[PDB]
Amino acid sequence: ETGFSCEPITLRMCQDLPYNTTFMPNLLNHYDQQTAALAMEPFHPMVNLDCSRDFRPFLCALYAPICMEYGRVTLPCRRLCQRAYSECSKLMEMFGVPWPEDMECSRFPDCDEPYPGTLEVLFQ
């Protein structure tokens, strides 16, 4: 095989999403997801207190993105980032959680590119 698969998501804050796997190297999977879970843990107060409906979808898009054919990268839309940031920034400031440089919302797409660049995914 290729050495990669869609692996079950084991990040504790990325359960009960519309999808349940993410693209990972087979041998490095548990290690990679353990590292992602560690990186995501500082955001737990925001996820638990639910300051934004957009926050968990945004973070899980970055740490456990939907599994695509050939492992293609997917990204959340800039507007999602911006609303998650705005709605959760008071609580992030209260708990000393900085917004990482690699999450600066200007880095994310406007979601106005022709299909398949921007698309809608349906879930039953």
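Start at 1 and count along the sequence shown; that's the residue number.
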Would you mind checking where the Cα B-factor of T74 ranks among the modelled residues of its chain, as the lowest, middle or highest third? lowest
Quick one: classify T10 as lowest, middle or highest third of the chain based on its Cα B-factor. lowest
Going by the CA temperature factor in the PDB record, which third of the chain does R56 belong to: lowest, middle or highest? lowest
Considering only modelled residues of the same chain, in which third does the CA B-factor of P45 rank: lowest, middle or highest? middle
Could you tell me which third, lowest, middle or highest, the C-alpha B-factor of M94 occupies within its chain? middle
